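Text of the file target.tsv, holding TSV, C-alpha atoms and all ligand atoms:
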```tsv
chain	number	residue	atom	x	y	z
A	40	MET	CA	150.39	-32.28	-72.14
A	41	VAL	CA	151.42	-30.57	-68.89
A	42	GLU	CA	152.27	-32.89	-65.98
A	43	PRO	CA	152.54	-30.84	-62.74
A	44	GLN	CA	152.82	-33.91	-60.49
A	45	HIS	CA	151.95	-32.04	-57.28
A	46	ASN	CA	151.45	-35.42	-55.56
A	47	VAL	CA	155.04	-36.52	-56.31
A	48	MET	CA	156.49	-34.99	-53.14
A	49	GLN	CA	159.25	-37.52	-52.53
A	50	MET	CA	162.42	-37.70	-54.61
A	51	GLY	CA	164.75	-40.68	-54.81
A	52	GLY	CA	168.53	-40.84	-54.88
A	53	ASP	CA	171.29	-40.32	-52.32
A	54	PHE	CA	169.58	-37.26	-50.81
A	55	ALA	CA	166.02	-38.70	-50.71
A	56	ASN	CA	165.50	-38.58	-46.95
A	57	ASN	CA	167.90	-35.69	-46.26
A	58	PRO	CA	166.18	-32.92	-44.21
A	59	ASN	CA	168.72	-30.36	-45.43
A	60	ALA	CA	167.97	-31.18	-49.07
A	61	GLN	CA	164.22	-30.81	-48.43
A	62	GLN	CA	164.67	-27.47	-46.65
A	63	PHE	CA	166.89	-26.25	-49.50
A	64	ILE	CA	164.23	-27.14	-52.09
A	65	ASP	CA	161.63	-25.23	-50.04
A	66	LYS	CA	163.92	-22.20	-50.00
A	67	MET	CA	164.52	-22.29	-53.76
A	68	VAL	CA	160.77	-22.50	-54.38
A	69	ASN	CA	159.78	-19.70	-52.00
A	70	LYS	CA	162.70	-17.37	-52.66
A	71	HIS	CA	163.30	-17.95	-56.38
A	72	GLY	CA	160.09	-19.43	-57.75
A	73	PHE	CA	161.63	-22.80	-58.59
A	74	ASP	CA	159.26	-25.66	-59.46
A	75	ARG	CA	159.55	-28.15	-56.55
A	76	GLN	CA	159.10	-31.17	-58.83
A	77	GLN	CA	161.73	-30.00	-61.33
A	78	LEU	CA	164.13	-29.47	-58.43
A	79	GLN	CA	163.36	-32.93	-57.01
A	80	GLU	CA	164.09	-34.43	-60.46
A	81	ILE	CA	167.45	-32.66	-60.55
A	82	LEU	CA	168.45	-33.50	-56.97
A	83	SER	CA	167.24	-37.09	-57.27
A	84	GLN	CA	170.09	-37.51	-59.78
A	85	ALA	CA	172.66	-35.73	-57.60
A	86	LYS	CA	175.21	-38.04	-55.98
A	87	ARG	CA	176.59	-37.88	-52.44
A	88	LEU	CA	180.33	-38.14	-53.10
A	89	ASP	CA	182.08	-39.48	-50.02
A	90	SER	CA	185.44	-38.67	-51.63
A	91	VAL	CA	184.45	-34.99	-51.62
A	92	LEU	CA	183.65	-35.25	-47.89
A	93	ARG	CA	186.94	-37.00	-47.12
A	94	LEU	CA	188.97	-34.39	-49.02
A	95	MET	CA	187.17	-31.51	-47.30
A	96	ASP	CA	188.15	-33.14	-43.97
A	97	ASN	CA	191.80	-33.68	-45.00
A	98	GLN	CA	192.02	-29.99	-45.91
A	99	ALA	CA	190.32	-28.91	-42.67
A	100	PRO	CA	192.29	-26.37	-40.55
A	109	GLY	CA	212.17	-28.60	-41.74
A	110	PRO	CA	213.88	-27.34	-43.75
A	111	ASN	CA	212.80	-30.32	-45.88
A	112	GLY	CA	212.24	-28.60	-49.25
A	113	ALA	CA	208.46	-28.04	-49.00
A	114	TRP	CA	208.43	-24.96	-51.25
A	115	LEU	CA	210.63	-26.64	-53.88
A	116	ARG	CA	208.26	-29.62	-54.11
A	117	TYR	CA	205.23	-27.37	-54.54
A	118	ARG	CA	207.07	-25.12	-56.98
A	119	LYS	CA	208.22	-27.92	-59.30
A	120	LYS	CA	204.61	-29.04	-59.80
A	121	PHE	CA	204.01	-25.78	-61.70
A	122	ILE	CA	207.35	-24.36	-62.84
A	123	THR	CA	208.79	-26.81	-65.36
A	124	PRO	CA	209.86	-26.40	-69.01
A	125	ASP	CA	206.62	-28.01	-70.26
A	126	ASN	CA	204.43	-25.73	-68.14
A	127	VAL	CA	206.30	-22.52	-68.89
A	128	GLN	CA	206.26	-23.33	-72.62
A	129	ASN	CA	202.49	-23.99	-72.54
A	130	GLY	CA	202.10	-20.71	-70.66
A	131	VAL	CA	203.99	-18.86	-73.39
A	132	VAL	CA	201.69	-20.39	-76.00
A	133	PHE	CA	198.59	-19.35	-74.02
A	134	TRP	CA	199.85	-15.79	-73.55
A	135	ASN	CA	200.61	-15.38	-77.26
A	136	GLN	CA	197.31	-16.94	-78.29
A	137	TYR	CA	195.33	-14.51	-76.10
A	138	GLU	CA	197.73	-11.57	-76.03
A	139	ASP	CA	195.09	-9.08	-77.13
A	140	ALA	CA	192.63	-10.18	-74.42
A	141	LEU	CA	195.43	-10.07	-71.81
A	142	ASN	CA	196.54	-6.58	-72.86
A	143	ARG	CA	192.93	-5.39	-72.78
A	144	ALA	CA	192.45	-6.84	-69.29
A	145	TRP	CA	195.58	-4.94	-68.25
A	146	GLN	CA	194.19	-1.67	-69.69
A	147	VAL	CA	190.70	-2.11	-68.21
A	148	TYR	CA	191.53	-3.59	-64.80
A	149	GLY	CA	195.22	-2.82	-64.27
A	150	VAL	CA	196.06	-6.50	-63.66
A	151	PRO	CA	199.16	-7.59	-65.68
A	152	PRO	CA	199.21	-10.58	-68.07
A	153	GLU	CA	201.73	-12.54	-65.97
A	154	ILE	CA	199.31	-12.60	-63.05
A	155	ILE	CA	196.35	-13.73	-65.18
A	156	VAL	CA	198.51	-16.27	-67.05
A	157	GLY	CA	199.92	-17.53	-63.74
A	158	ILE	CA	196.47	-17.90	-62.18
A	159	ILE	CA	195.02	-19.83	-65.13
A	160	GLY	CA	198.18	-21.94	-65.32
A	161	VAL	CA	198.17	-22.99	-61.67
A	162	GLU	CA	194.39	-23.52	-61.74
A	163	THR	CA	193.89	-25.60	-64.88
A	164	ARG	CA	197.16	-25.60	-66.85
A	165	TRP	CA	195.42	-23.25	-69.28
A	166	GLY	CA	192.26	-25.31	-69.75
A	167	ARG	CA	193.89	-28.76	-69.78
A	168	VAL	CA	192.68	-29.71	-66.29
A	169	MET	CA	189.20	-28.23	-65.71
A	170	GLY	CA	187.98	-30.95	-63.35
A	171	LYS	CA	185.80	-34.04	-63.81
A	172	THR	CA	183.33	-33.78	-60.94
A	173	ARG	CA	179.76	-32.71	-61.68
A	174	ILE	CA	179.32	-29.34	-59.94
A	175	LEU	CA	175.85	-30.42	-58.76
A	176	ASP	CA	177.15	-33.56	-57.04
A	177	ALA	CA	179.94	-31.68	-55.29
A	178	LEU	CA	177.71	-28.82	-54.12
A	179	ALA	CA	174.79	-31.05	-53.06
A	180	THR	CA	177.17	-33.29	-51.11
A	181	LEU	CA	178.79	-30.34	-49.30
A	182	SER	CA	175.47	-28.54	-48.72
A	183	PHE	CA	173.52	-31.53	-47.42
A	184	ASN	CA	176.09	-33.85	-45.81
A	185	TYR	CA	178.81	-31.57	-44.51
A	186	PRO	CA	177.67	-29.53	-41.46
A	187	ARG	CA	180.97	-27.63	-41.01
A	188	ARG	CA	180.60	-25.66	-44.25
A	189	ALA	CA	176.99	-26.52	-45.15
A	190	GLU	CA	175.78	-22.90	-45.10
A	191	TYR	CA	178.60	-21.68	-47.33
A	192	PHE	CA	178.11	-24.46	-49.86
A	193	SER	CA	174.32	-24.15	-49.81
A	194	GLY	CA	174.79	-20.55	-50.88
A	195	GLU	CA	177.06	-21.78	-53.70
A	196	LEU	CA	174.49	-24.42	-54.74
A	197	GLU	CA	171.74	-21.79	-54.73
A	198	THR	CA	173.84	-19.51	-56.95
A	199	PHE	CA	174.80	-22.43	-59.22
A	200	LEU	CA	171.17	-23.41	-59.88
A	201	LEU	CA	170.30	-19.76	-60.56
A	202	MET	CA	173.27	-19.58	-62.98
A	203	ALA	CA	172.17	-22.74	-64.77
A	204	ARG	CA	168.59	-21.47	-65.01
A	205	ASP	CA	169.72	-18.08	-66.40
A	206	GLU	CA	172.27	-19.26	-68.97
A	207	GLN	CA	169.91	-22.19	-69.69
A	208	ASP	CA	172.53	-24.85	-68.85
A	209	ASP	CA	171.62	-28.38	-67.75
A	210	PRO	CA	172.84	-28.23	-64.12
A	211	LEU	CA	173.90	-31.88	-64.44
A	212	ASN	CA	176.29	-31.37	-67.37
A	213	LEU	CA	178.72	-28.86	-65.84
A	214	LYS	CA	181.89	-30.28	-64.31
A	215	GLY	CA	184.69	-28.92	-62.19
A	216	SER	CA	186.51	-29.40	-58.90
A	217	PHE	CA	185.58	-31.34	-55.76
A	218	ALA	CA	184.49	-28.00	-54.27
A	219	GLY	CA	182.37	-26.95	-57.25
A	220	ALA	CA	184.94	-24.60	-58.87
A	221	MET	CA	184.53	-24.03	-62.61
A	222	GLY	CA	186.35	-23.28	-65.85
A	223	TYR	CA	189.75	-21.91	-66.79
A	224	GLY	CA	190.06	-19.91	-63.58
A	225	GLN	CA	188.19	-22.32	-61.29
A	226	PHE	CA	185.64	-19.76	-60.12
A	227	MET	CA	183.21	-20.77	-57.37
A	228	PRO	CA	179.52	-19.99	-58.21
A	229	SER	CA	179.49	-16.93	-55.91
A	230	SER	CA	182.67	-15.61	-57.58
A	231	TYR	CA	180.97	-16.03	-60.97
A	232	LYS	CA	177.99	-14.08	-59.65
A	233	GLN	CA	180.03	-11.24	-58.17
A	234	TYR	CA	183.11	-11.01	-60.39
A	235	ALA	CA	182.76	-12.85	-63.71
A	236	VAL	CA	182.47	-10.63	-66.80
A	237	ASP	CA	181.54	-11.18	-70.44
A	238	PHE	CA	184.99	-10.12	-71.64
A	239	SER	CA	184.51	-11.74	-75.08
A	240	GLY	CA	181.44	-9.57	-75.67
A	241	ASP	CA	178.97	-12.18	-76.97
A	242	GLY	CA	176.50	-11.30	-74.22
A	243	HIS	CA	177.19	-14.44	-72.18
A	244	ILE	CA	179.50	-15.08	-69.23
A	245	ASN	CA	181.16	-18.43	-69.94
A	246	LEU	CA	183.75	-19.63	-67.42
A	247	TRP	CA	184.99	-22.12	-70.04
A	248	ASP	CA	185.67	-19.37	-72.63
A	249	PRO	CA	189.37	-18.36	-72.22
A	250	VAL	CA	188.65	-14.70	-73.05
A	251	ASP	CA	185.83	-14.42	-70.48
A	252	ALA	CA	188.05	-16.18	-67.93
A	253	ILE	CA	190.88	-13.69	-68.54
A	254	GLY	CA	188.63	-10.69	-67.94
A	255	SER	CA	186.97	-12.41	-64.98
A	256	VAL	CA	190.29	-13.11	-63.25
A	257	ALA	CA	191.30	-9.48	-63.81
A	258	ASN	CA	188.04	-8.12	-62.41
A	259	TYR	CA	188.33	-10.45	-59.42
A	260	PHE	CA	191.81	-9.05	-58.71
A	261	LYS	CA	190.81	-5.41	-59.08
A	262	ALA	CA	187.78	-6.02	-56.85
A	263	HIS	CA	190.08	-7.52	-54.23
A	264	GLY	CA	192.47	-4.57	-54.11
A	265	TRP	CA	195.10	-5.13	-56.80
A	266	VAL	CA	197.28	-2.02	-57.14
A	267	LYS	CA	198.40	-1.45	-60.73
A	268	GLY	CA	202.19	-1.39	-61.11
A	269	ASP	CA	202.83	-2.20	-57.46
A	270	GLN	CA	205.35	-4.87	-56.45
A	271	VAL	CA	204.02	-8.27	-55.34
A	272	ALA	CA	206.80	-9.54	-53.08
A	273	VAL	CA	210.51	-8.77	-52.58
A	274	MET	CA	213.05	-11.36	-51.50
A	275	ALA	CA	215.05	-10.51	-48.42
A	276	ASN	CA	218.71	-10.84	-47.57
A	277	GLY	CA	219.18	-12.17	-44.07
A	278	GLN	CA	217.16	-14.41	-41.79
A	279	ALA	CA	214.41	-13.74	-39.23
A	280	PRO	CA	214.06	-17.13	-37.44
A	281	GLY	CA	212.22	-15.84	-34.38
A	282	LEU	CA	209.37	-14.02	-36.16
A	283	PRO	CA	206.06	-15.79	-36.97
A	284	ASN	CA	205.50	-16.00	-40.75
A	285	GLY	CA	202.77	-16.46	-43.35
A	286	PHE	CA	200.63	-14.31	-45.64
A	287	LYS	CA	198.53	-13.12	-42.68
A	288	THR	CA	201.51	-11.72	-40.74
A	289	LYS	CA	202.14	-8.01	-40.53
A	290	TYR	CA	205.31	-6.15	-39.56
A	291	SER	CA	206.58	-2.65	-40.22
A	292	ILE	CA	209.63	-2.45	-42.48
A	293	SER	CA	211.47	-1.06	-39.45
A	294	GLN	CA	210.68	-4.15	-37.35
A	295	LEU	CA	211.84	-6.51	-40.12
A	296	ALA	CA	215.08	-4.52	-40.42
A	297	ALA	CA	215.60	-4.88	-36.67
A	298	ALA	CA	215.04	-8.63	-37.12
A	299	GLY	CA	217.98	-8.72	-39.55
A	300	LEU	CA	216.33	-8.44	-42.98
A	301	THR	CA	217.00	-6.06	-45.87
A	302	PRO	CA	215.04	-5.93	-49.13
A	303	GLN	CA	216.81	-7.01	-52.35
A	304	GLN	CA	214.73	-4.44	-54.23
A	305	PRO	CA	213.50	-0.96	-53.17
A	306	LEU	CA	210.15	-1.10	-51.37
A	307	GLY	CA	209.07	2.40	-52.41
A	308	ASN	CA	206.59	3.95	-49.96
A	309	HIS	CA	205.60	0.64	-48.32
A	310	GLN	CA	205.86	0.83	-44.55
A	311	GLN	CA	204.63	-2.68	-43.71
A	312	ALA	CA	204.84	-6.16	-45.14
A	313	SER	CA	204.01	-9.73	-44.26
A	314	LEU	CA	206.92	-12.07	-43.55
A	315	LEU	CA	206.92	-15.03	-45.92
A	316	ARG	CA	209.28	-17.95	-45.33
A	317	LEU	CA	209.83	-20.56	-48.03
A	318	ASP	CA	211.41	-23.92	-47.23
A	319	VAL	CA	214.09	-24.43	-49.88
A	320	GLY	CA	215.67	-27.58	-48.42
A	321	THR	CA	219.08	-26.11	-47.53
A	322	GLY	CA	217.27	-23.63	-45.30
A	323	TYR	CA	214.68	-20.87	-45.46
A	324	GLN	CA	214.09	-18.06	-47.93
A	325	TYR	CA	212.54	-14.90	-46.50
A	326	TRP	CA	210.37	-12.45	-48.45
A	327	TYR	CA	208.63	-9.12	-47.81
A	328	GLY	CA	205.00	-9.77	-48.79
A	329	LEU	CA	203.42	-6.61	-50.16
A	330	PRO	CA	199.67	-5.83	-50.57
A	331	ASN	CA	199.50	-7.37	-54.07
A	332	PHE	CA	200.79	-10.69	-52.72
A	333	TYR	CA	197.92	-10.70	-50.21
A	334	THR	CA	195.52	-9.95	-53.07
A	335	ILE	CA	196.70	-13.13	-54.79
A	336	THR	CA	195.87	-15.13	-51.63
A	337	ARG	CA	192.30	-13.75	-51.87
A	338	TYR	CA	191.91	-16.02	-54.91
A	339	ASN	CA	193.15	-19.08	-52.97
A	340	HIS	CA	194.18	-18.73	-49.31
A	341	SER	CA	197.73	-20.10	-49.49
A	342	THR	CA	201.26	-18.67	-49.43
A	343	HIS	CA	202.62	-21.43	-51.69
A	344	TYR	CA	199.70	-20.97	-54.09
A	345	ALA	CA	200.27	-17.22	-54.43
A	346	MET	CA	204.04	-17.55	-54.77
A	347	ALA	CA	203.64	-20.23	-57.46
A	348	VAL	CA	201.13	-18.07	-59.37
A	349	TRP	CA	203.47	-15.08	-59.31
A	350	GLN	CA	206.68	-16.97	-60.10
A	351	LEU	CA	204.98	-19.01	-62.86
A	352	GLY	CA	203.72	-15.80	-64.43
A	353	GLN	CA	207.20	-14.25	-64.23
A	354	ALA	CA	208.79	-17.38	-65.70
A	355	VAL	CA	206.40	-17.25	-68.65
A	356	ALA	CA	206.98	-13.50	-69.13
A	357	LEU	CA	210.75	-14.02	-69.35
A	358	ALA	CA	210.40	-17.09	-71.60
A	359	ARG	CA	208.47	-14.92	-74.11
A	360	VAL	CA	211.28	-12.38	-74.47
A	361	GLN	CA	213.55	-15.12	-75.88
B	401	LIG	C1	188.23	-17.43	-57.77
B	401	LIG	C2	187.51	-18.04	-56.59
B	401	LIG	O1	186.35	-18.42	-56.76
B	401	LIG	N1	188.14	-18.13	-55.43
B	401	LIG	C3	187.51	-18.71	-54.26
B	401	LIG	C4	188.29	-19.98	-53.86
B	401	LIG	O2	188.16	-20.92	-54.92
B	401	LIG	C5	189.06	-22.00	-54.88
B	401	LIG	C6	188.46	-23.29	-54.35
B	401	LIG	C7	189.51	-24.27	-54.86
B	401	LIG	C8	188.99	-25.70	-55.04
B	401	LIG	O3	188.22	-25.97	-55.96
B	401	LIG	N2	189.38	-26.60	-54.14
B	401	LIG	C9	188.97	-28.00	-54.15
B	401	LIG	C10	190.10	-28.96	-53.81
B	401	LIG	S1	191.32	-29.11	-55.15
B	401	LIG	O4	192.58	-28.47	-54.76
B	401	LIG	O5	190.85	-28.48	-56.39
B	401	LIG	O6	191.56	-30.52	-55.47
B	401	LIG	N3	189.92	-23.69	-56.21
B	401	LIG	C11	189.32	-22.36	-56.31
B	401	LIG	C12	190.28	-21.41	-57.03
B	401	LIG	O7	191.56	-21.46	-56.44
B	401	LIG	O8	187.80	-20.55	-52.65
B	401	LIG	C13	187.87	-19.69	-51.51
B	401	LIG	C14	187.51	-20.55	-50.27
B	401	LIG	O9	186.28	-21.23	-50.48
B	401	LIG	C15	187.02	-18.43	-51.79
B	401	LIG	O10	187.14	-17.51	-50.72
B	401	LIG	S2	185.85	-17.20	-49.84
B	401	LIG	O11	184.85	-16.54	-50.65
B	401	LIG	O12	186.28	-16.37	-48.72
B	401	LIG	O13	185.29	-18.46	-49.35
B	401	LIG	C16	187.47	-17.72	-53.08
B	401	LIG	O14	186.62	-16.61	-53.30
B	402	CA	CA	181.41	-14.26	-73.34
```
Before we go any further, please render this structure as structure tokens.
Ligand SMILES: CC(=O)N[C@H]1[C@H](O[C@H]2C[C@@H](C(=O)NCCS(=O)(=O)O)[NH2+][C@@H]2CO)O[C@H](CO)[C@@H](OS(=O)(=O)O)[C@@H]1O
Ligand SMILES: [Ca+2]
Amino acid sequence: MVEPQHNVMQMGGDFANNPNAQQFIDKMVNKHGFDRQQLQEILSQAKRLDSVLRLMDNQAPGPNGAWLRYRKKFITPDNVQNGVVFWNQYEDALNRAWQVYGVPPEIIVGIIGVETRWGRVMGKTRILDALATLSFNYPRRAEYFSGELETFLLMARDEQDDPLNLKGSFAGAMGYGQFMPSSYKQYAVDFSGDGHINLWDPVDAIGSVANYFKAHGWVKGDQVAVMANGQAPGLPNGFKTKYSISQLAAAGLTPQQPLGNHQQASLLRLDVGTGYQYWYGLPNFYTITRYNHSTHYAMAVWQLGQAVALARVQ
């Protein structure tokens, strides 16, 4: 009947003699009451993906058209049309997310579009393999990923999922919005109302993205970014920069749209080939970068969402 297998203390597989894997198992047992043997069975099947390690290293911390190349990966007729279809298909959920969280449909549609092309590209890497690899064979971010692995196993246990069946990105991101396990834990919501938080359910994903945004400071109705007239070659740029509107004016910039009561902004500079395009980055732009720490990412999400919004009016 019951086979405890207390004597089976050594697991096989790529992480068999990994001290970090063994310590992690001990933690899961002590802290969460996991069965050591069940965990060894799971991790014995986990694969150490060298490709995941190489990519994490490649991503480790002009004008030549850099922004245009990034932009055209997302803003194309095919993509905008698929975005329109997604918006119309889930218009009610999007409007409800707007009412509940104050995050507009274009932002949610843009996020899900850039992340997975609205569910078409969810990822093919087993979350367990990615997280085990990064937790046990990647010292630089081992603590961060171990926390993600811990949360993932707890998630799988709770929602009764086979931890080995779930797939996603090389970093362990999941579903329509590519939520990391910790983001699922802190921000995912059962927006569909069936009692279960499913990152692969478009309705849940819509509400989850909205809640993530509100939690990270999204200001309802506030502008995201305003293009500037003029150039500011001397000034350092990027989503982390901060200048008063007065300083930017002194640098030779003027906003193309009224900035309201905003007194500061980040200076964003996009490489459009023929030169540079300067923008006043407002708080909501920064909020987008909280989802994925990149200026290009945030600008593509916002512009894709706007492109889809306009394409719907037609
Ligand atoms: C919604 C979400 O989960 N966003 C998280 C984001 O996910 C990113 C991870 C990325 C990813 O999977 N990258 C792997 C490489 S590739 O580009 O997919 O090929 N995609 C996800 C959504 O944009 O990663 C960063 C940094 O880890 C997290 O910030 S942190 O908490 O301060 O660490 C952030 O919370
Ligand atoms: Ca649900």
**Message:** Could you list, as a list in words, every residue within 9 Å of region 248-250 of chain A, counting all atoms listed in the file and ignoring same-chain residues fewer than 2 positions away?
**Reply:**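 Those residues are residues 137, 140, 141, 165, 166, 222, 223, 224, 237, 238, 239, 244, 245, 246, 252, 253, 254 and 255 of chain A.
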**Item:** Nearest to ligand CA 402 (chain B), chosen from A:360, A:314, A:95, A:236, with all atoms listed in the file counted in the distances
**Value:** A:236
**Request:** State, in Å with one decimal place, the distance from CA of residue 121 (chain A) to atom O10 of ligand LIG 401 (chain B).
**Result:** 21.8 Å
**Item:** Separation of CA of residue 57 (chain A) from atom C15 of ligand LIG 401 (chain B), in Å and rounded to one decimal
**Value:**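 We find that CA of residue 57 (chain A) and atom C15 of ligand LIG 401 (chain B) lie 26.3 Å from each other.
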**Asked** How many Å separate CA of residue 135 (chain A) from CA of residue 151 (chain A)?
**Response**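 Pair CA of residue 135 (chain A) / CA of residue 151 (chain A) returns 14.0 Å.
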**Request:** Have a look at A:208, A:251, A:269, A:195 and name the one nearest to residue 177 (chain A); count only C-alpha atoms.
**Result:**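 Looking only at the distances to residue 177 (chain A), the closest residue turns out to be A:195.
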**Message:** Excluding region 331-347 of chain A and its own-chain neighbours fewer than 6 positions away, which residues fall within 10 Å of it when counting only C-alpha atoms? Please give them as JSON, numbers by chain.
**Reply:** {"A": [113, 114, 115, 117, 118, 119, 120, 121, 122, 154, 157, 158, 160, 161, 162, 224, 225, 226, 230, 256, 259, 260, 261, 262, 263, 264, 265, 266, 267, 268, 269, 270, 271, 272, 273, 285, 286, 287, 312, 313, 315, 316, 317, 353]}
**Item:** Closest of A:295, A:325, A:303, A:242 to ligand CA 402 (chain B) - atom-to-atom distances counting only C-alpha atoms and all ligand atoms
**Value:**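 Counting only C-alpha atoms and all ligand atoms, the residue closest to ligand CA 402 (chain B) is A:242.
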**Message:** Can you tell me which residues surround residue 296 (chain A) at a distance of at most 12 Å, considering all atoms listed in the file, apart from same-chain residues fewer than 2 positions away, and format the answer as a PyMOL selection string?
**Reply:** chain A and resi 275-279+282+290-294+298-302+310-312+314+327
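Comparing A:213, A:40, A:169, A:82 by their smallest distance to ligand LIG 401 (chain B), the closest is A:169 (using all atoms listed in the file).
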**Prompt:** Out of A:132, A:257, A:144, A:88, which residue has the shortest atom-to-atom distance to residue 180 (chain A) when counting all atoms listed in the file?
**Reply:**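 For residue 180 (chain A), the nearest of the candidates is A:88.
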**Message:** Let me make sure I understand: among A:185, A:326, A:133, A:191, which one has the smallest atom-to-atom distance to residue 89 (chain A) if we use only C-alpha atoms?
**Reply:** A:185
